[PDB]
Amino acid sequence: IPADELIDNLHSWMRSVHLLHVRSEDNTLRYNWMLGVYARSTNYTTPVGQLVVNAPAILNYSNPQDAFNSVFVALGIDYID
Amino acid sequence: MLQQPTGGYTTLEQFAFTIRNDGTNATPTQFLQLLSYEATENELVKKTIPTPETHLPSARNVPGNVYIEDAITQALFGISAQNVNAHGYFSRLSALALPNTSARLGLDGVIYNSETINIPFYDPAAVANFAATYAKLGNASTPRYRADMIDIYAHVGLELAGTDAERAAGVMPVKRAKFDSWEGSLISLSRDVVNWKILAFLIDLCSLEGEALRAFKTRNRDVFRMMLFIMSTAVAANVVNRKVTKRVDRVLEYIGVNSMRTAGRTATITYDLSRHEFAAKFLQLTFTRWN
Amino acid sequence: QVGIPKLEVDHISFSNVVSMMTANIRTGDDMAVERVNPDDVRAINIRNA
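Here it is, written out as structure tokens:
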């Protein structure tokens, strides 16, 4: 492998990765990566990913656990895998 | 309109808890002597018991009157297959918990809306404390409320099969308890212990004071070690019966350790998923009051 | 002083309480319950739920 190919080539891919989000003002908010980028994988086909399409602001949590709690009450689902 | 002299309704011949076996009728004390046990080396240690939650469920408005007592026993020691019961009129109890209420609790095991003509009932003042503790049994299947169907059982086995030499240290070796039997056995004690008037016992626990509570706990630590034994064989993993020459023994697999499904199937009483949550809510609520 | 269960003794009894059933409680019939189709098939979700 050229140590020059993958350094230029890996960039070409990483460049083209965009994950839906909302820009916030409050300083006490942390974006939820893990679950959020999972939706971008399937293609927003699944409801747990079709829920994040409509209102992307569901991923802005200020306290852990409360992040997931919301993605349950608004689904009636008992567990995401 | 019976009253208690602080001896309690259990100091009465009106209703007494007696098992029938041996060709004649005997008291619980005489029975338990037959239960002999050894050890199999899996230490069953006493955990702590978490306090219950104060919030009382609401007795949704209900006309007519339900047999509150019926269900209490029909779930715990109910023999005949009992289907899902997580649902039901199981909390009309709380309608007695408030000070001035007219709703009365008769003898036999009913809960009347208005005291009616010709029906003997417990004393309206001492049935109040019984409710502010047991009406709490309404929320037995509400998520985020249900007790835990594992650890309490450790408490249970240290009771009916724990020699004091052990309980004073809080730890004991898992036992395998076998008594001598007859025909139906385990199923027969169930059809028997069911009709016992359990309310005639529980009321005493929440009223009788230190003078007549130390004396109450001494004469009734056996009526408790009876409705605790049957309630246990509904959990044990095996019921296989050993054979002597002409004699028969009912070895019980592991009293005091809780599995999830009955060894009885056909041989003994059986629980259900909806009942596992229920037994844990009872066993937890009652122990704090007792112990 | 209780009642000795009669299902285990010898001598045969000839009269006893039988739990019957009235003309209100009825068993094994039908329910005119209705359906409501999912209306559109395209936007159904078997994927997760």
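Protein chains in written order, with the entry's author numbering: chain A, 83 to 163; chain D, 1 to 291; chain B, 1285 to 1333. Don't be surprised by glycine CBs; every beta carbon is placed ideally from N, CA and C.
### Message
Any beta carbon of chain A sitting closer than 8 angstroms to that of residue 1332 of chain B?
### Response
Judged by the 8 angstroms Cβ criterion, residue 1332 of chain B is in contact with chain A.
### Task
Tell me, to the nearest whole angstrom, how far the beta carbon of residue 191 of chain D is from that of residue 79 of chain D; I am working on the premise that it is less than 8 angstroms.
6 angstroms
### Query
What number of angstroms, rounded off, separates the C-alpha of residue 1297 of chain B from the C-alpha of residue 1290 of chain B?
Using only the alpha carbons, I get a separation of about 8 angstroms.
### Task
State the DSSP-derived secondary structure class of residue 123 of chain A, mapped to helix, strand or coil.
helix
### Task
Say whether the region 152-160 of chain A touches the region 23-34 of chain D, bearing in mind that this needs 3 or more beta-carbon pairs closer than 8 angstroms, one atom from each stretch.
no
### Task
Pull up the distance between the alpha-carbon of residue 219 of chain D and that of residue 159 of chain D, whole angstroms please.
15 angstroms
### Query
Do the region 163-180 of chain D and the region 138-151 of chain A make contact, defined as three or more Cβ pairs closer than 8 angstroms?
As far as the Cβ criterion goes, the region 163-180 of chain D does not touch the region 138-151 of chain A, which means the pair count is below three.
#### Entry: Unbroken stretches of the alpha helix (DSSP H), 4 residues or longer, contained in the region 143-227 of chain D
152-160, 164-167, 186-193, 199-205, 211-214 and 216-219
### Query
Does the beta carbon of residue 1321 of chain B come closer than 8 angstroms to any beta carbon on chain A?
no
### Query
Between the C-alpha atoms of residue 170 of chain D and residue 286 of chain D, what's the straight-line distance to the nearest angstrom?
19 angstroms
### Message
Need the endpoints of the alpha helix (DSSP H) that residue 25 of chain D sits in, please.
### Response
Not the alpha helix (DSSP H): residue 25 of chain D falls in the beta strand (DSSP E), residues 24-26.
### Nearest-angstrom beta carbon gap, residue 193 of chain D and residue 230 of chain D [assumed within contact, 8 angstroms]
Beta-carbon to beta-carbon, residue 230 of chain D and residue 193 of chain D are separated by about 6 angstroms, close enough to satisfy the 8 angstroms threshold.
### Query
Given that residue 1288 of chain B touches chain D, what residues does it touch there, using C-beta distances under 8 angstroms?
Contact of residue 1288 of chain B with chain D by beta-carbon distance below 8 angstroms involves 20 and 25.
#### Entry: Inter-stretch contact at 8 angstroms, needing at least 3 Cβ pairs: the region 273-281 of chain D / the region 136-144 of chain D
yes
### Message
Going by DSSP in three states, residue 1302 of chain B sits in which element: helix, strand or coil?
### Response
coil
#### Entry: Validate contact between the region 242-256 of chain D and the region 47-67 of chain D using beta carbons, cut 8 angstroms, 3 pairs
no
### Message
Could you pull the DSSP bridge partners for residue 39 of chain D from this structure?
### Response
D/175
### Task
Would you please verify whether the beta carbon of residue 1329 of chain B is less than 8 angstroms from any beta carbon of chain A?
Taking a beta-carbon distance threshold of 8 angstroms, residue 1329 of chain B counts as an interface residue toward chain A.
### Query
Grouping DSSP H, G and I as helix and E and B as strand, with all else coil, what is residue 104 of chain D?
strand
### Query
residue 130 of chain A CB to nearest chain B CB: under 8 angstroms?
yes
### Nearest neighbour of residue 271 of chain D, chosen from D/236, D/156, D/2 and D/103 [CA to CA]
Residue 271 of chain D has its Cα closest to that of D/236, out of D/236, D/156, D/2 and D/103.
### Message
For residue 202 of chain D, tell me which candidate among D/247, D/131, D/234 and D/150 has the shortest Cα-Cα distance.
### Response
From the listed residues D/247, D/131, D/234 and D/150, the smallest Cα separation to residue 202 of chain D is found for D/131.
### Query
For the alpha helix (DSSP H) that contains residue 151 of chain A, what are its first and last residues?
148-155
### Message
Within 10 Å of its beta-carbon, does residue 95 of chain A have 16 or more other beta-carbons around it, so buried, or fewer, so exposed?
### Response
With fewer than 16 other CB atoms across the displayed protein chains lying within 10 angstroms of its CB, residue 95 of chain A is exposed.
### Query
For residue 136 of chain D, is the classification buried or exposed, using 16 other Cβ atoms within 10 angstroms of its Cβ as the cut-off for buried?
Burial state of residue 136 of chain D is buried, judged by a 10 Å Cβ sphere holding 16 or more other Cβ atoms.
#### Entry: 8 angstroms Cβ cutoff met for residue 142 of chain A and residue 101 of chain A
no
#### Entry: Option in D/5, D/276 and D/16 with minimal Cα separation from residue 1285 of chain B
D/16
### Task
Measure the alpha-carbon distance for residue 251 of chain D versus residue 239 of chain D and round it to whole angstroms.
Pairing residue 251 of chain D with residue 239 of chain D, the inter-Cα distance amounts to about 6 angstroms.
### Query
So does the region 81-94 of chain D actually touch the region 204-216 of chain D, counting three or more Cβ pairs closer than 8 angstroms?
Two segments are said to touch when three or more pairs of C-beta atoms, one from each, lie closer than 8 angstroms; by this definition the region 81-94 of chain D does not touch the region 204-216 of chain D.
### Nearest-angstrom beta carbon gap, residue 28 of chain D and residue 226 of chain D [assumed within contact, 8 angstroms]
With a Cβ gap of about 4 angstroms, residue 226 of chain D and residue 28 of chain D count as contacting.
### Task
List the residues of chain B whose Cβ lies closer than 8 angstroms to the Cβ of residue 159 of chain A, in chain order.
Neighbours of residue 159 of chain A on chain B, chain order: 1332 and 1333.
### Task
Over the uninterrupted beta strand (DSSP E) stretch that includes residue 21 of chain D, give me the two end residues.
19-21
#### Entry: Alpha-carbon to alpha-carbon, residue 132 of chain A and residue 89 of chain A
35 angstroms
### Query
What residues match up with residue 44 of chain D in a beta bridge as DSSP calls it?
D/172
### Query
Pick from D/42, D/92, D/273 and D/109: whose alpha carbon is nearest that of residue 197 of chain D?
D/109
### Task
Check the C-beta distance from residue 2 of chain D over to residue 123 of chain D and give it rounded, since I have them as a contact under 8 angstroms.
7 angstroms
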